[PDB]
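# Per-entry structural report
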Amino acid sequence: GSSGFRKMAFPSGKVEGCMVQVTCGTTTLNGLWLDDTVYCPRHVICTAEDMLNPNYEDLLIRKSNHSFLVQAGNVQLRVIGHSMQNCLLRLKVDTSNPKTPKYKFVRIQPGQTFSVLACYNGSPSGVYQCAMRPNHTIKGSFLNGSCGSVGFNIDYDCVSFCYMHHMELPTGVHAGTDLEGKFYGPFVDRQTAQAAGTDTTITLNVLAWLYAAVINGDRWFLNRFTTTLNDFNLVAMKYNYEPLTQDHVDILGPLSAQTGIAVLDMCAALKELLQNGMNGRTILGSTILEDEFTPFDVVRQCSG
Amino acid sequence: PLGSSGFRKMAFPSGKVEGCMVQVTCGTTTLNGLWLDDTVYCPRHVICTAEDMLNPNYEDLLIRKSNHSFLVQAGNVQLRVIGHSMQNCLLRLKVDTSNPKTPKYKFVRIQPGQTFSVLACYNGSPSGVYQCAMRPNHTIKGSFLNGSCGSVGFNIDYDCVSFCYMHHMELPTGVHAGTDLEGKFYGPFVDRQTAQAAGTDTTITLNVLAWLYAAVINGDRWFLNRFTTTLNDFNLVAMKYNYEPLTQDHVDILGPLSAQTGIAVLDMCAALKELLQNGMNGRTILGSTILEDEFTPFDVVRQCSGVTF
Ligand SMILES: */C(=C\C(=O)OCC)[C@H](C[C@@H]1CCNC1=O)NC(=O)[C@H](CC(C)C)NC(=O)[C@@H](NC(=O)[C@@H](NC(=O)c1ccoc1)C(C)C)C(C)C
Ligand SMILES: */C(=C\C(=O)OCC)[C@H](C[C@@H]1CCNC1=O)NC(=O)[C@H](CC(C)C)NC(=O)[C@@H](NC(=O)[C@@H](NC(=O)c1ccoc1)C(C)C)C(C)C
């Protein structure tokens, strides 16, 4: 029967065990403690007067290991070393985190999804799933004090960290870096006017989602038409949708085979949906075309 | 404050519950169990075989089982069962080892409309976490596959994990049914594969109002007006849109949010009233085109204030 369909995140336990608090001056934010290293946003070393045009090289050289206070719960972890890697600081501590899970650092591609463990003062608040926007921003829910929180994916027992939160744009969206400290998107960590490129809807994901609805027993939006890749794009682009490529249709191969619905035939269905709307109906409980589920997310939730 | 663009359906951090999940096998039937101190809780149908699910006689099936009939595994280690008993629709297996990861906890029976986080599990291993609401018709719209029974629902009340749900089955309409941690089903359902149907469901009015307050808190207040309504007049309109009747008790539950925004509950009802009769006119609330009903007054305070655990 139907499996049901929820926007689910990965269990956050393996990440919770790595969260700590990092303070420098009067600024306190979150850090990630793996083995004997603690990672956090480099702006932790900024003072109110340094946020407009900071020179992190100059601000950091003025610091020592003891300028940093890291705390795991109520216990202080002594910093015995420090270095800056792009927009992150790597603080070495004198004790290893026994809760460090198997892990790796990965830089995800726009359109891919991940789980965010929102934290404050080194303590977990909640977890939610989201997708990195085509324009590299994240439509997240973050309050002041949330910097340092991380995004991740879990494959079996291995945690793949892919994001660390740094800031909020004038438009209300969020931006951050991978665990190597490199920003996602054309952004810099300073309080200046910065804008993201034009965003688009993740076409691959909307299609994967339409397949999820079908494997779950719903087919009302299908039709007897088909389309070429080119003709589909001429329409989709009018609605601010990401151009679809042959690689994307190949990625949908498995889902296509499981449902018996050709990728291009599903594109024809999407084409009709964009042109006529849903006429008051819903798909998997939604009144809008959902784009935060990748083909992989669908196969894992609807078929293990 | 949150990033002015969408209220995420945030689940509670799941670590404390992940440390309580184990695998329970009886014969060829394997599912999930909850290990707290020296007891492992699981659905009683674990003692059932393929064809013995239409109308199993649990009391009699259990008689044929001994402690050795149960194989419990925490990770790659076997947990020796030294006792077993049935409590309503659950089994309580006593083991010779107290869970070193047992967190402070309590068992609570959730009420209609209230939400909780579900930790989907398979073979004793956590797979995902998501937020769910106990629908007015006593079912939940979850996401479960075979091997998922035994997975649990919970809330974290400060420093205490409050377990409120254990998964048992799926209904023909694609929704789910389960029990509290005392083994008592929510709703009139029973754990046997017979003809069972959930009643017609309604929109959780209390939650929709809570969500509108969250909108205001976030700065999305275009839908507010200078009027008010009577409880009776609101219900006359809302029930037309299949909304659950609003009660004075519900008004009181919204008290903290009403105080935070200075907007009287009936004044918010007036706004909701207009939204239902006039629609949103293409506008959005908290980045949504529809009125969300799976966020409770508590979920709102939790996300807006950034409560931690
Ligand atoms: C994490 C900080 C933390 O935990 O501090 C503990 C002491 C925060 C997280 C944000 C707060 C609100 N939402 C968030 O996600 N990060 C920051 O405060 C950064 C710090 C900078 C990079 C050193 N700053 C911001 O997010 C500020 N943004 C901006 O200044 C942006 N500019 C616009 O809003 C603007 C108006 C005119 O020019 C720009 C900027 C593009 C990055 C926001 C306003 C706090
Ligand atoms: C958990 C079982 C498990 O983990 O087994 C390990 C060996 C499952 C969970 C469901 C699988 C799919 N989604 C789920 O949530 N629970 C069950 O298999 C129960 C077991 C019964 C209570 C002993 N059975 C079901 O969920 C079956 N449901 C039904 O048979 C329902 N009836 C309708 O479909 C119906 C009405 C008239 O004929 C059928 C029944 C009302 C409970 C589902 C189909 C497997």
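Residues numbered from 1 in each chain as written, not as in the entry; some residues may be left out. Chains lettered and ligands numbered in written order. Heavy atoms only, no water.

As deposited, the entry is annotated with X-ray crystallography as its determination method and 1.85 Å as its resolution.

Chain B is annotated in the PDB entry as 3C-like proteinase of SARS coronavirus. According to its PDB record, this entry is titled "Crystal Structure Of SARS_CoV Mpro in Complex with an Inhibitor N9".

The name given to chain A in the PDB entry is 3C-like proteinase, with SARS coronavirus as the source organism.

Our focus in this paragraph is the overall build of chain A. The number of helices and strands found in chain A is 8 helices and 13 strands. Counting only C-alpha atoms, chain A reaches 70 × 40 × 30 Å along its principal axes. Scored against the burial criterion, the 304 residues of chain A give a buried share of 57%. Within chain A, counting contacts between residues at least 6 apart in sequence, those at least 24 apart form 65% of the total. Working note: accessible area of chain A is about 12,900 Å², and carbon and sulfur atoms make up 49% of it. Charge separation in chain A, taken as the distance between the mean sites of 23 positive and 26 negative side-chain charges, equals 2 Å. (Helix = DSSP H or I, 4+ residues; strand = E, 2+ residues; numbered from the N terminus. Buried < 20%, exposed > 50% of the residue type's maximum accessible area, 1.4 Å probe, protein only. Contact = heavy atoms within 4.5 Å. Areas by Shrake-Rupley, 256 points an atom, 1.4 Å probe, with all protein chains shown as cover. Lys, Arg positive; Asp, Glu negative; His and termini not counted. Charge placed at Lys NZ, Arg CZ, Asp CG, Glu CD.)

Next up on the list: the interface of chain B and chain A. Across the boundary between the two partners, chain B contributes 41 residues, which contact 42 residues of chain A. Summed over both partners, the interface of chain B with chain A buries about 2,900 Å², with 51% contributed by carbon and sulfur atoms. Put simply, chain B and chain A have 2 salt bridges between them. The partner of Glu294 of chain B in a salt bridge is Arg6 of chain A, and the shortest N-O contact between them spans 2.7 Å. Taken together, the connections running from chain B to chain A amount to 19 residue pairs in polar contact. Counting residues per element, the ones that place at least two in the side of chain B that touches chain A are α1 (15-18), β10 (125-133) and α8 (297-305) of chain B. It is β10 of chain B that provides the largest number of residues to the side of chain B that touches chain A, a total of 8 residues. Grouping the constituent residues of the side of chain B that touches chain A by class yields 18 nonpolar, 17 polar and 6 charged. (Buried area = accessible area lost by both parts, 1.4 Å probe. Salt bridge = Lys/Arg side-chain N within 4 Å of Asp/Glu carboxyl O. Polar contact = N/O pair within 3.5 Å; in protein donor to acceptor, adjacent residues only side chain to side chain. Nonpolar A, V, L, I, M, F, W, Y, C, P; charged D, E, K, R; others polar.)

What follows concerns the packing of helix α3 (residues 205-217) of chain B against helix α7 (residues 265-278) of chain B. Residues and elements named next belong to chain B. The contact between α3 and α7 brings their axes to 10 Å, and the two run at 95 degrees. By the angle between their directions, the pair α3 and α7 is classed as roughly perpendicular. Residue-level contacts link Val208, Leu209, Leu212, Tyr213 and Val216 of α3 to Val265, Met268, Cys269, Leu272 and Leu275 of α7. Tallied by class, residues from the contact of α3 with α7 come to 10 nonpolar, no polar and no charged. (Axes fitted to C-alpha atoms, helices over the stretch in contact; angles between N-to-C directions. Parallel < 35°, antiparallel > 145°, perpendicular 65-115°, else oblique.)

All names here are of chain B. Across its 14 residues, α7 extends 20 Å between first and last C-alpha, which sits within 8% of the 20 Å expected from 1.5 Å per residue. Turning to α7, its buried residues are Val265, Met268, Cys269, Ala270, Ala271, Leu272, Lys273, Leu275 and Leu276. Here the buried face of α7 lies against α3, α4 (231-238), α5 (248-253) and α6 (255-261). Backbone geometry just downstream of α7 places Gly279 in the positive-phi region, at approximately 75 degrees. (Expected span 1.5 Å × (residues − 1).)

Residue and element names in this part refer to chain A. Taken together, 22 residues are adjacent to ligand 1, and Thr28, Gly145, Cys147, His165 and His166 come closest. In this structure, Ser146 approaches ligand 1 through a main-chain N or O atom, which is 3.4 Å from an oxygen atom. Within the contact set of ligand 1, an oxygen atom lies 2.6 Å away from a side-chain nitrogen or oxygen of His165. Summarising the interface, the protein chains cover 78% of the accessible area of ligand 1, which totals 910 Å² for the free molecule. When residues of the shell around ligand 1 are traced back to their parent elements, those giving at least two are β2 (27-34) and β12 (158-168). Looking at the shell around ligand 1 element by element, the count peaks at 4 residues for β12. Partitioned by chemical class, the residues of the shell around ligand 1 number 7 nonpolar, 12 polar and 3 charged. (Near = heavy atom within 4 Å.)

Moving on, we come to the sheet that holds strand β7 (residues 88-93) of chain A. Residues and elements named next belong to chain A. A sheet is described by the order of its strands in space; here 7 strands give the open sequence β5-β4-β1-β2-β3-β7-β6, paired in antiparallel fashion. Looking at the sheet topology across the chains shown, the edges are occupied by β5 (75-77) and β6 (79-85). Adjacent strand axes in the sheet meet at a mean angle of 35 degrees when their direction is disregarded. Pairing of strand β3 (residues 37-41) with β7 involves 5 bridges; the strand directions are antiparallel. In the strand pairing of β7, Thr37 is matched with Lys92. (Pairing = 2+ DSSP bridges.)

Moving on, we come to the site of ligand 2. All names here are of chain B. Around ligand 2 sit 23 residues in total, of which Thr30, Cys149, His167, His168 and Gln193 are the nearest. Taking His168, its main chain carries an N or O atom lying 2.8 Å from a nitrogen atom of ligand 2. At 3.0 Å, a side-chain N or O of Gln193 approaches a nitrogen atom of ligand 2. Within the complex, 77% of the 910 Å² of free accessible area of ligand 2 lies under protein. Breaking the shell around ligand 2 down by element, the ones donating at least two residues are β2 (29-36) and β12 (160-170). Residue composition of the shell around ligand 2, by class: 8 nonpolar, 12 polar and 3 charged. In terms of domain composition, the shell around ligand 2 takes at least three residues from each of domain 1 (1-18 + 104-201) and domain 2 (19-103). (Domains from an automatic or database assignment.)

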